[PDB]
Structures are given as structure tokens and as C-alpha cells.
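Chains b, a, B and A supply the protein sequences, listed in that same order.
For the first sequence, counting from 1, position 61 maps to 185 in the entry's author numbering; every step adds exactly one.
For the second sequence, counting from 1, position 48 maps to 172 in the entry's author numbering; every step adds exactly one.
When you line the third sequence up against the entry's author numbering, it's residues 3 to 145, 156 to 242, 258 to 280, 301 to 484, in that order.
When you line the fourth sequence up against the entry's author numbering, it's residues 3 to 149, 155 to 242, 258 to 280, 301 to 484, in that order.
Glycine included, each C-beta is placed from N, C-alpha and C at the ideal position.
Quick notes on the structure that follows.
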Amino acid sequence: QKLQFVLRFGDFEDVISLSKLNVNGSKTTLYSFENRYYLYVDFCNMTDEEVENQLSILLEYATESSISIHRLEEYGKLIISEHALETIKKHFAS
Amino acid sequence: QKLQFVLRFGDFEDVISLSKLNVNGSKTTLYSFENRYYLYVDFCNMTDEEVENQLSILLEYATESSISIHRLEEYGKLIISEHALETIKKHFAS
Amino acid sequence: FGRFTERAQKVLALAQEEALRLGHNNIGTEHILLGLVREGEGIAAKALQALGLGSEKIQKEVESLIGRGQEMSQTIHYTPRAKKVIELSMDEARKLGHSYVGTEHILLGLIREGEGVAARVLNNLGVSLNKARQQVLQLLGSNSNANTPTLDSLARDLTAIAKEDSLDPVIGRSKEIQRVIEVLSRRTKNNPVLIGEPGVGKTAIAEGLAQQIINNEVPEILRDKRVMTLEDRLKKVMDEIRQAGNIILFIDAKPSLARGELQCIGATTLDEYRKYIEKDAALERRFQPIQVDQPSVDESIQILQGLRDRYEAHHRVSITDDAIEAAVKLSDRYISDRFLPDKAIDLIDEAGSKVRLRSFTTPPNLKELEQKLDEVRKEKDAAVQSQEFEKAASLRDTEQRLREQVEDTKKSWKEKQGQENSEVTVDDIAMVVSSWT
Amino acid sequence: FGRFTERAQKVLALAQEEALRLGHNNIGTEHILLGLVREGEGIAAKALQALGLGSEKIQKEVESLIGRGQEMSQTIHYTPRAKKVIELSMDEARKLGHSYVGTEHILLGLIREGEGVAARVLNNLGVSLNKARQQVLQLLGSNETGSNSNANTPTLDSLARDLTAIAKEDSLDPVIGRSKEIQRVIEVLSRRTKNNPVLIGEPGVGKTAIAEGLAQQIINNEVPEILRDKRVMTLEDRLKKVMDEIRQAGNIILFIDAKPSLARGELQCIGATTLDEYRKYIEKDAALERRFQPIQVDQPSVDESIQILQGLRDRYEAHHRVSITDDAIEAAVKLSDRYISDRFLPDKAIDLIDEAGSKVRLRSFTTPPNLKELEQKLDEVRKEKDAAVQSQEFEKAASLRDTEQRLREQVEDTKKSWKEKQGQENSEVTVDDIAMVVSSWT
């Protein structure tokens, strides 16, 4: 089962919101593309049950884009690497 | 595997360009027909790998015509025999 | 995002109660779910009690996936997911004729948009998604010889249909009705053709016979007789009749012909009928006419009040009586190129919206803040992709000051519902007309 | 041969970097291939890393088939093959909605024209041609640009341009009004009697414009809670199929200009049909005079016209000369209301504009001075050169070819001297252009 996903938020504030929680053993990176912001999640080693779980939360705040992840790595716009959630929580939660 | 081919060049200068290289163990003869120039290549003894190879290069400069080679030998227009490449290199590369 | 039951509204605000009781900052689908099982009395609440999902079992899974608790509570808002979930319950009720959303529909609406935290609470509490939509369902529900064929829809049975006590008034055209019956007895010019300027009244005359045969005074053999209404199903059903004949047909718009039985009441215009008898002469024979005088002015009035209740559907009427008096009288002499019952009704409608319309209009010189606001967000975006966070977060803390700003003059526009919500009197009616004359 | 990504353009020039690094004189498909794997970061670059094809493995096969190295480098050009390979990547991207070419497409474009040196490197590196087009593919995909909701499927499918949608991402023009016109629609639409509206006027006033009006206002947001949460849309074997897949979804309003299962379902319309054509439908009657119901579309106030133009001015910059000039627009419009005089006051205008909205981009492209004659000359030459070359007459061509390009560069130099006919006219506009258009209409 796959352990890396790419999600699209409609408006940026949706991302801040997500940030205000716990990323947890979750490397994550954030792109800007077609004016909408995509976010790329990478779970290292988790039980499938544990991931289908976690991913649930994420999509309270996003949807999952059919977007080829390498389209971003090439033709996107990087904004924050590896610790993408973590950084937004810094500059935005209060 | 066959060891003799007939290629058509769109414009003559395409042939000059091909000339500026190495023919190599390659007898070659050049016809004029339907305003386009056909070129007839004849490898004496080469490994199949060695010929599929060489022929690659040629088709950077031509395409391979479905043309019955004897149609040329009869109804074509001879321009240079046997050492067709070799001769154009003389009168044209500088 | 509209109006639901108390039970809905309470359950929703109740999500917020739970928003904070754990300290989170956005209320997602997980809180809407706590909301439902925690008002413990909604159909939604009831269902969960079925699957084996008390508040106890649930909140334990949820805290086991989020927990405290930034008391931030900086005036919170929804998850985009849950905003979808709300948009959905509205539809999970269109899909049920339920004129208003409530505890169930919201539970319905959650399953539908299964991607989210609620959904996982349950696929975790060993409760697949469909076993759940079921439980809600099993707590809501519904509301004859040749009729078999006929009884498509095509073409609904005026008679038994209004035998079920289920019928209203109905105001006539009381002597319009009875002339439908001198004809619908004869043996001469037998089948009556209903000519009058279109409408309304017209459909109401046949809803008459219906009312008359049933309760009950009528004569020259006419009891247990239905009045029925409205190509690859054509003369098909029509044979269930050449084999049993308790039936008048009510037409709207053709003649597959008096090949025998076929009792029908004619929907046609002053002239449209002359588009039958000229080619002749089933007309001067079978079919035979009668006119719809425009219903009595006073009768006209007490016709609306009956459907007053039913347009209350747009918010203002019922009432005012003083409001209808208008509609009707204006029409009879002041243009004055229709029929005295149809016109009035139309007028209401102009206003039967034109008021919820004027109700949801736009605030003062408060346009230019929108324009300001716009570029700030914009200015915000550009910098975040440049990052430049602070140099923007500035700009977010700043866009948002303007947000709650404009609201308190748009939510300050339920200050504008009052100045017309359910206000009704001629005031609104006649200005309508300044145009039509 | 156009414009691609950096990644593209870099990979391409990078072929040349390789052109010379080995001393060859024409950059063939083999160098474009080196170009791709050596910029090591393009999607193209990435793919090759998959098949097991680093720069190491490749260049070894290639040098094992060409090697040094006439440093000639006499200002080199392409192989005709590779020039084909480039023409191709442009098409291998038309075929993907990719508005611009890039590293992948060029790799795509190579496989397609498999006859050539690259292709053999791989059929030599035990990498059949299709295993390769695959690898690139499995690194691109769909979009899902639309966010949603179930029933929309059968529907949003057909057909037929979801106006609420185009009004969601705000990717929608103003448009002016006929602002009091948009309102009269919502009465006729908030009812129960005359449920469905129908606009009649010359056709003309781009009636269709008023409709985009709802999209915007039903969204944000001035409209009865009686209509929030709905959708505007437009437009044979696909019969009752999708229409069944809609009555089963009440949140829908529709647009026509031309059927009637009327009133049946929540099947709710907005109609655009001629002054008279409607005469020819309530004439049908009387579900007509009933359900559907009309409002008069105005030939916009003349000034209003002007504003519509500008709003889509910035959008007719497509044909190369606008924005501007205002002073010119006013004419497009103004002359039409009073001078001929056979349409609606907003279609007329834009038509004048478009008559001119290529016309001048054209006076740009005309043939140079009577130097139509040069080319005429240069012809007779090739022949002598050519036909002579068939006779040979060799050095009788050498100077003959040379006599030729003497000509050619002279030609192209005065053929591109008409970039001046561009700086004179291109991006012009003023009035005089129009008034021409006008007099050439009477």
C-alpha cells in the first residue's frame, strides 16, 4: 500500500488550519500551482491501518489530487520543504 | 537480413550533409527521381548489429523509401555511381 | 447555511460546544458527529444509539486521534470538509421531500462525503459506512381493476384521489360545474368541452365533478366514477377502458375517438374549439361546449387565501388579507386583459419573491471595502510564495481585520429582512403595476 | 523552433553542448538524447534514470558509434531527423493540453520518430521503444479541476459548460448590463407560476451575456435563500439518459437558444430566442404562456457598449495590437448606432474591431517592396544550380550555389526589413483604421 500523497486545498487558509495540529512522523512539502496550493505528504513506515487512519484527518481540510507528483517537482512552485506543515504553524497560529 | 537500401532525401542539401561524414566499407549510388533524390547504399559483409547500427545514422539525414530499387535502375536518373557519397564531399564540403 | 429544525440547529451549534470542549480550532466532520450523538434525541441521535455508538465510545476514539487543545478559540470556523457535509444534508433532503433539514439529514450528509474524520471514527469502530446509512433509513417512510393500466401518471385519479378526504374547498364556478353535468348525461351532444380563456379556473371545474360525485349528490347514473387526467404507450392503457367504464377523462391540449366509451372534459380556447367542429362533425355530435365566466371578484379573493398557506412557501404570506384585496380588484378593471381569477395570483408571485429578493440585496456605500479587501488577500498571496511569511502573516492578520469588518454590515442586513420580511400590504402589490400600465 | 520550458530550452542548447564535446558537426537525435539525461532534472531526465540509463551508459554506446571529432564546429545546424523530432514534441504536447513544450515532450517526440540514432542506442541498450514511452507517461496525469457533487456526473458530462463553475474560480468576465435586466430574471425565477424566464431581443445583444449574470450573483450572493445552491448551464442518441440523470437532482437551471418535456421535472430553463421566434412557441401554447415567461432585452446604452469592449479589450490583445485605443473604440461603437444600423449595439462594435483586429496585424505581413521580383529571380537560379548539378557542371554549381545564397541572404534581409512595416502599423489602432472598415461596408 502506498505511503505518499498529494493534496489540493481550495484556499490557503485551509492549510494554516491543518497546520494547527500534529504532523507526526510525517515529512511534508508544499507547492503552489494553478493558484491553488497542493501539499505533499510522506509517511515513513506506518501500518496501513495507521495511515488510512491519519489520511482521514487530512482530507477534512483537503481533497486528494490525481496530480502526478513529478509534475509539481518540475513545473510547480516550491514554498516549504520537508517540514511544510510545521513552518506554517510557526508564522500563523497566533 | 538484408544489406542494401534505398533512401529518399527531401532536398539535395540533405545529401551534401550526409557526405560530410564517413561512408566506410559502403558502396553507394545516387539517383534523381520525381524531383527528389534517392540514394542507394550497399554494405558488403557486415554484422547485422553493425548494419542496423550504421543505417541509423543515414536516417538522421533521410527516410527509407518503399521504392523498388530496379525502378530506379531502369526509369531513374543516375548522378553518381558506387562512390556517390565520396564525390559530393569533394565538390561541396568547403 | 440556511434553516433546519431546532434539532438540526441545536446539533450544529452543539458541534461548536464540542469544538471547544477539546480546545481544537476548526470544527470538522468529527464534531458534527459528536453534535448528533450528544443531543441524544434527534433521529440522527437515535440511530447512533443503534449501531452501538454512544457518546462514550465515540469521543474516546476522537480524543485518541486529536486531543488538546490550543484554547485559541480565536472565533473559529468550519472545516472545508464539514462545510461540504452541510451543503450535502441540504441535498440528502431535497432527496426526501423533506421541506426542511434536520438531525437525520446531517447524519445522512456525513456518510455521503465519507472522506473525513467522522467516517474514520466508525470504520475504526467496526461500523462500515452502509450499515450506517441503513439505520437512519429504517426510521423514516412513505406517507384496483382496470386502474392498473390507466393508473400511470398519466394520469392521476381526481375521484378516489379526492375521496380520501384529501380535498380542499373548492370555490367555483359553482354553476360552471353543474353545466358540466347536463352535458355529461345526455346521449346527444354528450361529452362536454370546457372553453374559456385559459387557466385556472378551468382545471378547477373537473376537480368539481370529482368533488360532486363523491360527496355525493348527483344523478342520471354517475356513481363510482373516476375523473382521470394529464406515444410508445398510446392506446395501450386505453383498452383497460373498453373493458370497464367508470371513467371520465380530463384533457389538456388529438382524438383517438369515440370508438365507444371515452368520457372526457375539454381543455380548449375560444377559438381552439373551432379547430375541431370545422373539419367536423364529431363536435356538433359527441364533444359539446360550455364557457368559464371569470370567477366572482369576491370568490376571487377567498380563492387565494386557500393557496395563501401554500405560498407561505416563499416568506411573507400568509397575509395580508389587505394584500390580496389588491391583487384581485386591480385586475378586474385595471388591465384587464386576462381572466378574473388567473391574473391576481400572478401578481402576488412578482411580489411572491420580489420581497425575499429585495430582502437579500446589498449594503451601503460598502462596496469599496470589498475592492480594498481584494488586493490585500492578493498582496498576501504573492508574498507567501516568496515567504516573506511574517511580511504577510502581517497581511493575513490584516486581511482578516477587514473580513469580520464587512460581515457586521452584511449580518447587519438581517436588519434588512425586518423592513420587508413578511411585510405584504398593497404597498408591494401595486407598484408592481406602474409597469403593466 | 518556438518556446518551451527552461528545462526544454536548456536541454536543447545542451544537445549542442554535446554537439561539440565530441566534435561532431550536426546535432542529431543522439545529441538531443544526451541533452535530456544530462540536464538530469527534467521529467525526461527523470524517466531515463528509470530505465537504467544514466549519462554513463549512454554516451558509451554513442561514442561507440561515432567518436571524434572534426572540431570543424563551423556554426552547426540540426539533423533533418532531429528537426523532425522537434516538430514532433510540439505535437506530443498538443496531445496533452500542455500549453507549452518541455523536457518530457521532447523525449516523447523522439520515440514517435524512432528512425534514427537515439532509437538505436536503446534498442541496443535492451530497452524496446514502448517500455520507454511508458516510463514518461507514468509520470504525468489527469487534473480533476472542478472540485464535485454526485449528480453533476451525467450532466456536467455531456455537454455542457457549467456557468456556475466558470463563475466559481472567478475566471469570469464582468459583464456590464443590463444590470436591472439580470434582476428581472430572478423574479421570473423565484416564482411558482411563470417558473421559467425567456429573453427576447435582437440576438444580437449577446443575450447569452445576461446569463453569466446569475452565476456570479447566485454565488456571492445577493439572491433569495430560495435559490442559493443551484447551477447555470448551456447548449442525439444520448437521449432521456442524462436528462433522467438530472430530474434526479433539483439544483439545476438551464439555457437554450433553439424539445419540451416542460414543467415535468424541476427541469427549469432560461430561453434566448428572437423577437418573433417566441411568437412561434407560445403560439404553440399553452404550457408555453404558462411555464416559460419573457423579458425584453435592450440594445445596450451606447456608452455601456464602450465599457463592454474594454473589459474584453485586454482579451483581444490576442490578435496583437490592443489594448487601446479608447478613442478608436468609441468609433467602433458610435458609428454603428447611427450609421448602418442592422444589428444590436454591442455585436456591431466588436465586429468593427475584429474586422480591424487582424487586418492591421496583416498590413504587417504584406510582401516587401517590388522585391516580389528577387524571389522570382532566385528561382531561375536553383534550377541552373540544380539541373546543372544533375549534369555536373559541378564547379559550375559551386559558384552557382554561392551565386544563390548571395541572393537569399539579400532576400531575407529585405524580407525582414519588413519588421519596419510592423513598427509602423503593428500595434496601431486609431480610428482611421475603423472609418476605413466602415466605408468598406457601404
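Sort B:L449, B:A49, B:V182 by Cα distance to B:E346 and report the nearest one.
Translated into positions along the third sequence, residue 346 of chain B becomes position 299. For the residues B:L449, B:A49, B:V182, the minimum Cα distance to B:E346 belongs to B:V182.
Can you tell me the Cα-Cα spacing of B:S469 and B:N157, whole angstroms?
By 1-based counting over the third sequence, the position of residue 469 of chain B is 422. By 1-based counting over the third sequence, the position of residue 157 of chain B is 145. Looking at the two C-alpha atoms, the distance is approximately 48 Å.
Can you pull out the residues from the region 440–470 of chain A whose beta carbon lies closer than 7 Å to at least one beta carbon of chain a?
Listed by position along the chain: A440.
Is the distance from the Cβ of A:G30 to the Cβ of A:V119 below 7 Å?
Position 28 of the fourth sequence holds residue 30 of chain A. Position 117 of the fourth sequence holds residue 119 of chain A. It is a contact, given that the beta carbons lie within the stated cut-off.
I'd like to check one pair, B:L442 with B:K427: are the Cβ atoms closer than 7 Å?
Walking along the third sequence from the start, residue 427 of chain B turns up at place 380. Walking along the third sequence from the start, residue 442 of chain B turns up at place 395. Going by C-beta atoms, B:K427 is nearer than 7 Å to B:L442.
In three-state terms, what does DSSP make of A:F6?
The residue given as residue 6 of chain A occupies position 4 in the fourth sequence. It is a strand residue.
Closer than 7 Å, Cβ to any Cβ of chain A: which residues of the region 130–144 of chain b, in chain order?
Listed by position, the residues of the region 130–144 of chain b near chain A (Cβ gap below 7 Å) amount to none.
Identify which residue in A:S165, A:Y323, A:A374 has its Cα closest to the Cα of A:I348.
Numbered from its first residue, the fourth sequence carries residue 348 of chain A at position 306. That would be A:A374, whose Cα lies nearest to the Cα of A:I348.
Compare the C-beta of A:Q432 with all C-beta atoms of chain a and state if any pair is closer than 7 Å.
As a first step, residue 432 of chain A is located in the fourth sequence; it is residue number 390 there, counting from the start. Cβ-Cβ to chain a under 7 Å: yes for A:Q432.
Just to make sure I have the definition right: I need the residues of chain A whose C-beta is within less than 8 Å of the C-beta of B:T408. Which are they?
To locate residue 408 of chain B, count along the third sequence from 1; it is residue 361. Within 8 Å Cβ-Cβ: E229.
Return the CA-CA distance between b:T152 and B:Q447, expressed in angstroms with no decimal places.
Mapped onto the first sequence, residue 152 of chain b falls at position 28. Mapped onto the third sequence, residue 447 of chain B falls at position 400. Taking the straight line joining both Cα atoms gives about 27 Å.
Pick helix, strand or coil for A:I29, following the three-state DSSP scheme.
Translated into the one-based positions of the fourth sequence, residue 29 of chain A becomes position 27. Three-state result, A:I29: strand.
Tell me the rounded alpha-carbon separation between B:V423 and B:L142.
As a first step, residue 423 of chain B must be located in the third sequence, where it is residue number 376. As a first step, residue 142 of chain B must be located in the third sequence, where it is residue number 140. Spanning the two alpha carbons is a distance of roughly 49 Å.
Taking only three categories from DSSP, how would you classify A:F407?
Looking up residue 407 of chain A in the fourth sequence gives position 365. DSSP places A:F407 in coil when its eight states are reduced to three.
Enumerate in chain order the residues of its own chain whose CB-to-CB distance from A:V87 is below 7 Å, with the five nearest sequence positions on each side excluded.
On the fourth sequence, position 85 is the one that residue 87 of chain A refers to. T31, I34, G111, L112, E115, listed in sequence order.
Does any C-beta atom of chain B lie closer than 7 Å to the C-beta of b:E184?
For the purposes of this step, residue 184 of chain b is identified with residue 60 of the first sequence, where counting begins at 1. Yes, its Cβ sits closer than 7 Å to a Cβ of chain B.
Inspect the beta-carbon positions of A:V471 and A:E397 and report whether they are closer than 7 Å.
Looking up residue 471 of chain A in the fourth sequence gives position 429. Looking up residue 397 of chain A in the fourth sequence gives position 355. Contact flag unset, no.
Who are b:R160's beta bridge partners in DSSP?
Taking the first residue of the first sequence as 1, we reach residue 160 of chain b at position 36. Bridge partners of b:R160: b:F157.
Look at b:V139 and b:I191 and say whether their C-beta atoms are less than 7 Å apart.
Reading the first sequence from its first residue, position 15 is the one you call residue 139 of chain b. Reading the first sequence from its first residue, position 67 is the one you call residue 191 of chain b. No, the pair does not count as a contact, with Cβ atoms beyond the cut-off.
Output the distance between the C-alpha atoms of B:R380 and B:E467, rounded to the nearest integer angstrom.
Residue numbering aside, residue 380 of chain B sits at position 333 when the third sequence is read from its first letter. Residue numbering aside, residue 467 of chain B sits at position 420 when the third sequence is read from its first letter. Cα to Cα, the separation comes out at about 28 Å.
Compare the C-beta of A:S186 against all C-beta atoms of chain B and say whether one is closer than 7 Å.
Along the fourth sequence, one-based indexing puts residue 186 of chain A at 179. Chain B contact via Cβ: absent.
Counting Cβ pairs closer than 8 Å, one from the region 149–163 of chain b and one from the region 192–207 of chain b, do we hit at least three?
Yes, the region 149–163 of chain b touches the region 192–207 of chain b.
Between b:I203 and chain B, is the shortest Cβ-Cβ distance under 7 Å, so that the two count as touching?
One-based indexing of the first sequence puts residue 203 of chain b at position 79. Yes, b:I203 lies at the interface with chain B (some Cβ there is under 7 Å from its Cβ).
Starting from b:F157, find everything on chain B with Cβ-Cβ shorter than 7 Å and list it in chain order.
Stepping through the first sequence from its first residue, residue 157 of chain b is reached at position 33. Chain B residues near b:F157: none, gap ~10 Å exceeds 7 Å.
Quick one, are the C-beta atoms of A:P210 and A:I312 less than 7 Å apart?
For the purposes of this step, residue 210 of chain A is taken as the residue at position 203 of the fourth sequence. For the purposes of this step, residue 312 of chain A is taken as the residue at position 270 of the fourth sequence. Cβ distance not < 7 Å, so A:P210 and A:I312 don't count as in contact.
Give the list of continuous alpha helix (DSSP H) stretches no shorter than 4 residues that lie fully inside the region 302–363 of chain A.
The region 302–363 of chain A contains these whole alpha helix (DSSP H) runs: 321–324, 329–332, 344–353.
Could you tell me which whole alpha helix (DSSP H) segments of length 4 or greater appear in the region 75–142 of chain A?
Entirely contained in the region 75–142 of chain A, the alpha helix (DSSP H) runs reaching 4 residues are, in chain order, 82–96, 105–114, 119–126, 131–139.
Spell out whether any CB of chain B is found under 7 Å from the CB atom of b:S189.
The residue given as residue 189 of chain b occupies position 65 in the first sequence. It does not; no Cβ of chain B falls within 7 Å.
Can you find a CB in chain A that lies within less than 7 Å of the CB of b:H215?
Here residue 215 of chain b corresponds to residue number 91 of the first sequence, with the count starting at 1. With 7 Å as the cut-off, b:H215 does not count as an interface residue toward chain A.
So, with DSSP's three-state summary, where would you put a:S150?
Here residue 150 of chain a corresponds to residue number 26 of the second sequence, with the count starting at 1. Here a:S150 sits in strand by DSSP.
Any beta carbon of chain B sitting closer than 7 Å to that of b:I181?
Within the first sequence, residue 181 of chain b is the residue found at index 57, counting from 1. Closer than 7 Å to some Cβ of chain B, the Cβ of b:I181 qualifies, so yes.
Is the region 15–28 of chain B touching the region 52–72 of chain B, taking contact as three or more C-beta pairs under 8 Å?
In short, these stretches touch, since the Cβ pair count reaches three.
Could you work out which residues of chain b lie near A:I173, taking near to mean beta carbons separated by less than 8 Å?
The count along the fourth sequence starts at 1 and reaches residue 173 of chain A at position 166. Those within 8 Å of A:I173 in chain b number zero; the least Cβ separation is about 15 Å.
Per DSSP, a:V165 forms a beta bridge with which residues?
For the purposes of this step, residue 165 of chain a is identified with residue 41 of the second sequence, where counting begins at 1. Paired residue(s): a:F129, a:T152.
Whose Cβ in chain B lies nearer than 7 Å to the Cβ of A:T200?
Translated into the one-based positions of the fourth sequence, residue 200 of chain A becomes position 193. Chain B residues near A:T200: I392, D393, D396.
Name the two residues that bound the continuous alpha helix (DSSP H) containing B:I233.
By one-based count along the third sequence, residue 233 of chain B stands at place 221. Looking at the DSSP string, B:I233 is not in any alpha helix (DSSP H), and its letter there is neither H nor E.
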